[PDB]
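There are 2 protein chains.
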Amino acid sequence: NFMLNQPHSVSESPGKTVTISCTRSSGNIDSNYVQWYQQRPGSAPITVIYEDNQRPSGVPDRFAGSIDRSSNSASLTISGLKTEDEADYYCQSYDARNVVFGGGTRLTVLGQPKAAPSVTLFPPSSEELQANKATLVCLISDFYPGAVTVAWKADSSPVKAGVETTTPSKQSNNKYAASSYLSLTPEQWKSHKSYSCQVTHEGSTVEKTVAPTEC
Amino acid sequence: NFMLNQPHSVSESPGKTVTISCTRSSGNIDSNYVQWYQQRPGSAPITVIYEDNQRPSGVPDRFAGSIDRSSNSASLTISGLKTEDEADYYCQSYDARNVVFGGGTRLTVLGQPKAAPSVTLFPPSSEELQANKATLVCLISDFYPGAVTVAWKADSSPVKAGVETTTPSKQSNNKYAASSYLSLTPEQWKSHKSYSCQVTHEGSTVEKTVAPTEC
Ligand SMILES: CCN(CC)c1ccc2c(C)cc(=O)oc2c1
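Here the protein sequences line up with chains B and A, keeping their order. According to the authors' numbering, the stretch in the first sequence is residues 1 to 9, 11 to 27, 27A to 27B, 28 to 66, 66A to 66B, 67 to 106, 106A, 107 to 168, 170 to 200, 203 to 214, in order. According to the authors' numbering, the stretch in the second sequence is residues 1 to 9, 11 to 27, 27A to 27B, 28 to 66, 66A to 66B, 67 to 106, 106A, 107 to 168, 170 to 200, 203 to 214, in order.
Printed below as a string of structure tokens:
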């Protein structure tokens, strides 16, 4: 066997250049092709470089593979660093008797801008009420940093039972989303004037309110 | 070029045997070697099978690769399941320079009883409609294992554009929750007779449907 050795983590601001190295422990780096893979948390990996320095279509030209024979290493160079480049990066080569991966490098993009959540509150449907259940959901999307706290109200009073809120996950736009859901009986839903979801993010609060409908 | 289609998830209890398939869409499965990679969450991938059925040294013989020409598929069979086997598994092959990866399969080693998700589908809120948005939300709660796939339809046509699904989150009852949201325009929403959210979990595909109205 041989090993591919990568730094554990690198941290840089947007717009800068980052270099991630991949040093072969034994045998020459050039005796087999080196691939690079990018993996965002929550997603499968993608190929960003194959055959040392070839870029698949759709991969931005900011990504460049190279080989340095004197340091017995391969490098992935990302110029013009963007928020979307925050990921784990893995180099990969062959032992002939095996496919071998580097240990992975976490690339942190520092200084991502703050983004307030979009908050949308949905009442229980007819169909759900007809099945003798009542759930409210408060959708909280497109926010950064990825921490919120949620409070529910029945009329103006705090609800302290039947609340769950999901752990925030980064979505395809590189911001977080979550939902808070409140489980009620149909009778609870109908015996109040309204329910409200109040979302606090970075010290600012957003409130939405829904009421039982009338035809 | 061809696709390698894996099931999204499999599960079994410790000590049991599990099988993961990898079906090639076009061409002949045996025309090129198949690799299988194991990736535990937040870790580097490792090769468990190369060249259809060769096991690297250090990989237990619990792991076995096979090829079925009749179904044009490769399988990974894991016997004597252990809790450290819980990971995403990917098959991989090629035609010429085109390297093809499967989508990945989550293997859960059951840590608690299976639980079928509650699936609740919400049409757009009144407040967001009077703001040029129409979001649908499919709430998926109380499920174990914490692996689901979600698919949306407009009338009968598959819809991929505008879909985001959160990473399943372990809630206070020790079961998972997530939400899938489909971001439409109001005119998109009105231009169909219905939308459907299909949720696949542990061998079943459940479905909820919603239709526009005024009240
Ligand atoms: C980093 C290597 N691995 C196995 C974990 C993977 C897994 C899946 C893919 C897919 C789907 C496309 C790809 O280009 O590279 C991958 C690479």
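Note that CB positions come from ideal geometry on N, CA and C, so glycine has one too.
So, does the CB of B/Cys194 fall closer than 8 Å to a CB anywhere in chain A? It does not; no Cβ of chain A falls within 8 Å.
Does DSSP put A/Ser152 in a helix, a strand or coil? Here A/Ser152 sits in coil by DSSP.
B/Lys207: first and last residue of the uninterrupted beta strand (DSSP E) it sits in: Element bounds for B/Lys207: 203-209.
From B/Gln185 to B/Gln126, what does the alpha carbon distance come to, in whole angstroms? Whole-angstrom Cα-Cα distance: 15 Å.
8 Å Cβ cutoff, A/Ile66 in contact with chain B: A/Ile66 has a beta carbon lying at 8 Å or more from every beta carbon in chain B.
Cα-Cα separation between B/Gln34 and B/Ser76, rounded to whole angstroms: Straight-line Cα distance between these residues: approximately 18 Å.
So, B/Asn5 versus B/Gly100, is the Cβ gap smaller than 8 Å? Yes; because the gap between Cβ atoms is below 8 Å, this pair is in contact.
Which residue wins for smallest C-alpha separation from B/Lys149, given the options B/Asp138, B/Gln167, B/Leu132, B/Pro141? Just measuring C-alpha positions, the residue of B/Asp138, B/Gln167, B/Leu132, B/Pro141 sitting nearest B/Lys149 is B/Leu132.
Can a CB atom of chain B be found closer than 8 Å to the CB of A/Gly142? When Cβ-Cβ separations below 8 Å define contact, A/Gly142 makes no contact with chain B.
How about B/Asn171: is its C-beta nearer than 8 Å to some C-beta of chain A? So, not an interface residue.
With a 10 Å radius around its C-beta and 16 neighbouring C-beta atoms as the bar for buried, classify B/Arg66B as buried or exposed. Looking at its Cβ environment, which holds fewer than 16 other Cβ atoms inside 10 Å, B/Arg66B is exposed.
In the DSSP assignment, find the beta strand (DSSP E) that holds B/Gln89 and state where it starts and stops. First-last of the beta strand (DSSP E) with B/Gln89: 84-91.
Mind listing the chain B neighbours of A/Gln34? Cutoff is C-beta to C-beta under 8 Å, in chain order. Contacts between A/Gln34 and chain B, judged by CB atoms closer than 8 Å, involve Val96 in chain order.
Through-space distance from B/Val144 to A/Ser165, alpha-carbon basis: Distance between the alpha carbons of A/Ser165 and B/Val144 is about 15 Å.
If you measure from the CB of B/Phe139, is any heavy atom of ligand 1 nearer than 7 Å? Every heavy atom of ligand 1 is 7 Å or more from the Cβ of B/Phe139, so no.
Is any heavy atom in ligand 1 found nearer than 7 Å to the beta carbon of A/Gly101? Taking the Cβ of A/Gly101 as the reference point, at least one heavy atom of ligand 1 falls within a distance shorter than 7 Å.
beta-carbon B/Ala84 near ligand 1 non-hydrogen atom, thresh 7 Å: B/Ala84 Cβ: outside cutoff for every heavy atom of ligand 1.
Say yes only if the C-beta of A/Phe98 is nearer than 7 Å to one or more non-hydrogen atoms of ligand 1, and no if none qualify. Indeed, a heavy atom of ligand 1 lies less than 7 Å from the Cβ.
Chain A partners of B/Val133, CB-CB under 8 Å? Against chain A, a Cβ distance below 8 Å from B/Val133 picks out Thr116, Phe118, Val133, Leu135, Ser176.
Return the CA-CA distance between B/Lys17 and B/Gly107, expressed in angstroms with no decimal places. Looking at the backbone, the Cα of B/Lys17 and that of B/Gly107 are separated by about 12 Å.
Give a yes or no on contact between the stretch 114-128 of chain B and the stretch 113-121 of chain A, applying the rule of three or more CB pairs nearer than 8 Å. Yes: at least three Cβ pairs fall under 8 Å.
A/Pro113 beta carbon less than 8 Å from that of A/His198: In contact: A/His198 and A/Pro113 (Cβ atoms closer than 8 Å).
A/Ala43: contacting residues in chain B (beta-carbon distance under 8 Å): Per Cβ cutoff of 8 Å: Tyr87, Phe98, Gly99, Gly100, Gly101.
Look at the alpha carbon of B/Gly57 and the alpha carbon of B/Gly64, and state the distance between them as a whole number of angstroms. Distance between the alpha carbons of B/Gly57 and B/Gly64: 15 Å.
Consider the Cβ of B/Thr212: report whether some Cβ of chain A lies at a distance smaller than 8 Å. Closer than 8 Å to some Cβ of chain A, the Cβ of B/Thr212 qualifies, so yes.
When burial is assigned at 16 or more other CB atoms within 10 Å of the CB, is A/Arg25 buried or exposed? With 16 or more neighbouring CB atoms inside 10 Å of its own CB, A/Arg25 falls in the buried class.
When you measure from the CB of B/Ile45 to every non-hydrogen atom of ligand 3, does any distance come out below 7 Å? Of the ligands this structure carries, namely ligand 1, none is ligand 3.
Identify the contact partners of B/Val209 in chain A, using a Cβ-Cβ distance below 9 Å as the criterion. Those within 9 Å of B/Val209 in chain A are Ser121, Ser122, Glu123.
A/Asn1 vs A/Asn69 beta-carbon contact at 8 Å: Cβ distance not < 8 Å, so A/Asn1 and A/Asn69 don't count as in contact.
Can you find the residues in the same chain that come closer than 8 Å, C-beta to C-beta, to B/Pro7, ignoring five residues on each side of it along the sequence? These residues qualify, in order along the chain: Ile21, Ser22, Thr102.
Have a look at B/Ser180, B/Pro183, B/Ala43 and flag the residue whose alpha-carbon is nearest the alpha-carbon of B/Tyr87. Checked all of B/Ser180, B/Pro183, B/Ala43; the closest Cα to B/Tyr87 is B/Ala43.
What are the start and end residues of the alpha helix (DSSP H) that includes A/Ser22? A/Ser22: not part of any alpha helix (DSSP H); member of the beta strand (DSSP E) spanning 19-25, first to last residue.
By the DSSP assignment, the beta strand (DSSP E) with A/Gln34 in it spans what residues? Looking at the DSSP string, the run of the beta strand (DSSP E) that includes A/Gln34 is 34-38.
If you follow the beta strand (DSSP E) that B/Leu106A is in, where does it begin and where does it stop? No beta strand (DSSP E) holds B/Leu106A; DSSP gives it neither H nor E.
Can you confirm whether A/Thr24, when its beta carbon is compared against all beta carbons of chain B, has any partner nearer than 8 Å? False, the Cβ-Cβ gap to chain B never drops below 8 Å.
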